[PDB]
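Shown next: upload_27.txt, containing compact mmCIF, C-alpha atoms.
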# COMPACT_ATOMS: atom_id res chain seq x y z
CA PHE A 910 88.05 90.81 113.44
CA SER A 911 90.46 93.60 112.53
CA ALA A 912 92.23 93.91 109.17
CA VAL A 913 95.21 95.70 110.76
CA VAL A 914 98.21 94.12 112.50
CA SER A 915 99.23 94.50 116.15
CA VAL A 916 101.08 97.47 117.65
CA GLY A 917 103.80 95.01 118.63
CA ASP A 918 104.34 93.92 115.02
CA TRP A 919 104.48 97.52 113.84
CA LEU A 920 106.97 98.50 116.57
CA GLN A 921 109.30 95.60 115.77
CA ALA A 922 109.14 96.44 112.05
CA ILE A 923 110.28 100.01 112.70
CA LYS A 924 112.79 98.92 115.36
CA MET A 925 110.99 100.83 118.13
CA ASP A 926 109.96 97.69 120.04
CA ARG A 927 111.85 98.95 123.09
CA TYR A 928 108.69 101.05 123.58
CA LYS A 929 106.16 98.17 123.49
CA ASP A 930 105.26 98.59 127.16
CA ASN A 931 105.02 102.38 126.76
CA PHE A 932 102.10 102.02 124.35
CA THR A 933 100.37 99.24 126.30
CA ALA A 934 100.57 100.97 129.68
CA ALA A 935 98.83 104.02 128.22
CA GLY A 936 96.03 102.05 126.59
CA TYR A 937 97.44 102.18 123.04
CA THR A 938 96.69 98.56 122.22
CA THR A 939 95.49 98.96 118.63
CA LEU A 940 97.03 100.66 115.59
CA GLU A 941 93.77 102.62 115.22
CA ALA A 942 94.60 104.44 118.46
CA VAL A 943 98.29 104.82 117.57
CA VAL A 944 97.51 106.40 114.21
CA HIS A 945 95.79 109.31 116.00
CA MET A 946 98.70 110.16 118.30
CA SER A 947 100.51 113.49 118.34
CA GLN A 948 104.06 114.38 119.40
CA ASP A 949 102.72 115.29 122.86
CA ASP A 950 101.10 111.86 123.16
CA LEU A 951 104.46 110.18 122.51
CA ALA A 952 106.23 112.36 125.09
CA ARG A 953 103.49 111.66 127.66
CA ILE A 954 104.03 107.95 126.93
CA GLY A 955 107.75 108.08 127.71
CA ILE A 956 109.17 108.53 124.22
CA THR A 957 111.17 111.72 124.81
CA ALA A 958 113.98 111.12 122.30
CA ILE A 959 113.00 113.39 119.40
CA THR A 960 114.63 111.01 116.90
CA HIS A 961 112.37 108.18 118.09
CA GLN A 962 109.34 110.50 118.11
CA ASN A 963 110.04 111.32 114.46
CA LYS A 964 110.59 107.72 113.39
CA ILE A 965 107.22 106.83 114.92
CA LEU A 966 105.41 109.88 113.56
CA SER A 967 106.84 109.34 110.06
CA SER A 968 105.68 105.71 110.21
CA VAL A 969 102.20 106.83 111.30
CA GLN A 970 102.08 109.17 108.28
CA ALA A 971 103.02 106.30 105.95
CA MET A 972 100.48 103.91 107.47
CA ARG A 973 97.72 106.51 107.11
CA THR A 974 98.58 107.06 103.43
CA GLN A 975 98.65 103.27 102.98
CA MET A 976 95.17 103.01 104.52
CA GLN A 977 93.76 105.66 102.17
CA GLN A 978 94.72 103.32 99.33
CA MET A 979 92.73 100.56 101.05
CA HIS A 980 89.56 102.16 99.65
CA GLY A 981 89.89 103.91 96.30
CA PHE B 910 106.21 96.64 105.91
CA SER B 911 102.42 96.54 105.59
CA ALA B 912 99.99 97.51 108.35
CA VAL B 913 97.34 95.08 107.06
CA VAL B 914 97.07 91.35 107.77
CA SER B 915 97.32 88.49 105.27
CA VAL B 916 94.54 87.32 102.93
CA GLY B 917 94.81 83.94 104.65
CA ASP B 918 94.07 85.44 108.07
CA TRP B 919 91.10 87.36 106.70
CA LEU B 920 89.69 84.27 104.95
CA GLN B 921 89.95 82.12 108.09
CA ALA B 922 88.28 84.86 110.15
CA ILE B 923 85.27 84.93 107.82
CA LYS B 924 85.27 81.12 107.42
CA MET B 925 85.99 81.32 103.68
CA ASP B 926 89.44 79.74 103.95
CA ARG B 927 88.33 76.95 101.60
CA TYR B 928 89.07 79.59 98.93
CA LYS B 929 92.66 80.39 99.98
CA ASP B 930 94.13 78.86 96.82
CA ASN B 931 91.52 80.61 94.65
CA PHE B 932 92.88 84.03 95.66
CA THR B 933 96.55 83.03 95.46
CA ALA B 934 96.30 81.38 92.03
CA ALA B 935 94.83 84.59 90.60
CA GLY B 936 97.48 86.86 92.09
CA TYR B 937 95.35 88.15 94.99
CA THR B 938 98.08 87.90 97.60
CA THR B 939 97.42 91.12 99.51
CA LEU B 940 94.28 92.56 101.11
CA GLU B 941 94.89 95.74 99.10
CA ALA B 942 94.13 93.79 95.92
CA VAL B 943 91.21 91.91 97.50
CA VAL B 944 89.53 95.12 98.65
CA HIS B 945 89.19 96.22 95.00
CA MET B 946 87.47 93.06 93.77
CA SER B 947 84.00 92.97 92.23
CA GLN B 948 81.44 90.15 92.07
CA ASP B 949 82.78 89.24 88.61
CA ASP B 950 86.30 88.96 90.02
CA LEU B 951 85.10 86.44 92.61
CA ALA B 952 83.27 84.36 89.98
CA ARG B 953 86.35 84.41 87.72
CA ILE B 954 88.34 83.17 90.73
CA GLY B 955 86.11 80.15 91.29
CA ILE B 956 83.76 81.50 93.94
CA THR B 957 80.45 80.87 92.17
CA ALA B 958 78.25 80.28 95.23
CA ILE B 959 76.37 83.59 95.56
CA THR B 960 76.18 83.18 99.35
CA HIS B 961 79.97 82.99 99.55
CA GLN B 962 80.32 85.91 97.11
CA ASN B 963 78.13 88.00 99.42
CA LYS B 964 79.94 87.01 102.60
CA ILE B 965 83.21 88.08 101.00
CA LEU B 966 81.82 91.27 99.47
CA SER B 967 80.16 92.27 102.75
CA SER B 968 83.47 91.71 104.55
CA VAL B 969 85.28 93.84 101.95
CA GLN B 970 82.76 96.63 102.60
CA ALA B 971 83.41 96.42 106.36
CA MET B 972 87.19 96.39 105.95
CA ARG B 973 87.04 99.45 103.70
CA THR B 974 84.92 101.36 106.24
CA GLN B 975 87.37 100.24 108.96
CA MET B 976 90.28 101.60 106.91
CA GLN B 977 88.59 105.00 106.47
CA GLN B 978 88.69 105.28 110.26
CA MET B 979 92.44 104.61 110.12
CA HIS B 980 92.92 108.25 109.10
CA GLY B 981 90.41 110.74 110.49
As structure tokens, please, write out the structure in this file.
Amino acid sequence: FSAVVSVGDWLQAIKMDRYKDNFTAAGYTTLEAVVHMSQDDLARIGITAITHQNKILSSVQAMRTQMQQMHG
Amino acid sequence: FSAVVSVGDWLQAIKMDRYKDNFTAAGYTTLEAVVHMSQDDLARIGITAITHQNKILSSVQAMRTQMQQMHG
């Protein structure tokens, strides 16, 4: 059991679900793996649009900060 | 948007879903709130069976450790 939601749910929530297959094909099936991605990882995955890279990276930053609060 | 699942999902996963209403009635609607509970909070909520208190507390401990790994 995992306390975190699916990558698919996260992508739809940030309107980047057009990239669902991009994450899956590269083995990024859990948010734990996604949260440790870099800009280069996103480019390698097929997300070359800098705007989309930033939306995803900003979201990752917010999810990490949210997870820090999951254990004060 | 929250990256964590519902209290209901967590309770069913640890077979403590008989207590769904106990959490809700006391305002524990998010896992963020649940993760900061103490034994006394569980008793006050109606979970008096020590075995059930421990199953829940042990789960909380595991979810917290899992969330630490959500930002290495």
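Atom CA of residue A:947 to atom CA of residue B:941 spans 26.8 Å [interatomic distance, one decimal].
Separating atom CA of residue B:973 from atom CA of residue A:981 is a distance of 9.1 Å.
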Distance query 7 Å from (98.4, 96.3, 100.6) using all atoms listed in the file, result as a list in words: residues 911, 913, 939, 940, 941 and 942 of chain B
With a distance cut-off of 12 Å and only C-alpha atoms, select the neighbouring residues of residue A:957, excluding the residue or stretch itself and same-chain residues fewer than 6 positions from it, and output the selection as a compact mmCIF listing (two decimals) with C-alpha atoms, in the frame of the given file.
# COMPACT_ATOMS: atom_id res chain seq x y z
CA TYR A 928 108.69 101.05 123.58
CA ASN A 931 105.02 102.38 126.76
CA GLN A 948 104.06 114.38 119.40
CA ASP A 949 102.72 115.29 122.86
CA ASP A 950 101.10 111.86 123.16
CA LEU A 951 104.46 110.18 122.51
CA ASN A 963 110.04 111.32 114.46
CA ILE A 965 107.22 106.83 114.92
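Each of A:964, A:944, A:922, A:916 was compared to residue A:976 using only C-alpha atoms, and A:944 turns out to be the nearest.
Here atom CA of residue A:912 and atom CA of residue A:943 stand 15.0 Å from one another.
When only C-alpha atoms are used to measure the gap to chain B, the shortest distance among A:959, A:934, A:971, A:966 belongs to A:971.
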Selected residue, from A:972, A:923, A:914, A:956, that lies nearest to residue A:935 when counting only C-alpha atoms: A:956
Protein, DNA and RNA residues within 10 Å of (106.4, 95.3, 120.7), all atoms listed in the file, as a PyMOL selection string: chain A and resi 915-922+924-933
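Distance annotation: of A:910, A:955, A:960, A:936, the residue with the minimal separation from chain B is A:910; atom set is all atoms listed in the file.
Distances to chain B were evaluated for A:979, A:952, A:946, A:969 using only C-alpha atoms, and the minimum falls at A:979.
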Provide stretch 927-944 of chain A rebuilt to N, CA, C and O atoms, formatted as a compact mmCIF listing (two decimals), in the frame of the given file.
# COMPACT_ATOMS: atom_id res chain seq x y z
N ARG A 927 111.38 98.71 121.74
CA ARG A 927 111.85 98.95 123.09
C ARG A 927 110.76 99.73 123.83
O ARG A 927 110.79 99.85 125.06
N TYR A 928 109.81 100.26 123.06
CA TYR A 928 108.69 101.05 123.58
C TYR A 928 107.36 100.30 123.67
O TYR A 928 106.33 100.90 123.98
N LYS A 929 107.37 98.99 123.43
CA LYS A 929 106.16 98.17 123.49
C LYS A 929 105.31 98.47 124.72
O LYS A 929 104.13 98.82 124.60
N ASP A 930 105.93 98.36 125.88
CA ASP A 930 105.26 98.59 127.16
C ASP A 930 104.74 100.01 127.32
O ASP A 930 103.74 100.23 127.99
N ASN A 931 105.43 100.97 126.70
CA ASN A 931 105.02 102.38 126.76
C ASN A 931 103.63 102.56 126.16
O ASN A 931 102.78 103.25 126.72
N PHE A 932 103.39 101.93 125.01
CA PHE A 932 102.10 102.02 124.35
C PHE A 932 101.01 101.30 125.14
O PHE A 932 99.96 101.87 125.43
N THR A 933 101.30 100.06 125.54
CA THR A 933 100.37 99.24 126.30
C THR A 933 99.92 99.88 127.61
O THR A 933 98.72 99.97 127.88
N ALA A 934 100.88 100.35 128.40
CA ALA A 934 100.57 100.97 129.68
C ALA A 934 99.65 102.17 129.57
O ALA A 934 98.91 102.47 130.51
N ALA A 935 99.67 102.85 128.43
CA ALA A 935 98.83 104.02 128.22
C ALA A 935 97.54 103.72 127.46
O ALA A 935 96.82 104.63 127.06
N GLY A 936 97.24 102.44 127.28
CA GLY A 936 96.03 102.05 126.59
C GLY A 936 96.10 101.99 125.07
O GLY A 936 95.09 101.73 124.42
N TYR A 937 97.27 102.24 124.49
CA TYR A 937 97.44 102.18 123.04
C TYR A 937 97.69 100.73 122.65
O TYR A 937 98.84 100.32 122.46
N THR A 938 96.61 99.97 122.56
CA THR A 938 96.69 98.56 122.22
C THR A 938 96.35 98.23 120.78
O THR A 938 96.55 97.09 120.35
N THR A 939 95.83 99.19 120.03
CA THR A 939 95.49 98.96 118.63
C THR A 939 96.12 100.05 117.76
O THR A 939 96.33 101.18 118.22
N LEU A 940 96.43 99.70 116.52
CA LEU A 940 97.03 100.66 115.59
C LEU A 940 96.07 101.80 115.26
O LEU A 940 96.49 102.87 114.84
N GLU A 941 94.77 101.58 115.48
CA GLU A 941 93.77 102.62 115.22
C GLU A 941 94.00 103.78 116.19
O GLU A 941 93.91 104.95 115.81
N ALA A 942 94.34 103.45 117.43
CA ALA A 942 94.60 104.44 118.46
C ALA A 942 95.96 105.11 118.23
O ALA A 942 96.10 106.32 118.40
N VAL A 943 96.95 104.31 117.83
CA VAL A 943 98.29 104.82 117.57
C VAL A 943 98.30 105.85 116.44
O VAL A 943 98.90 106.91 116.56
N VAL A 944 97.58 105.54 115.38
CA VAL A 944 97.51 106.40 114.21
C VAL A 944 96.93 107.80 114.47
O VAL A 944 97.01 108.69 113.63
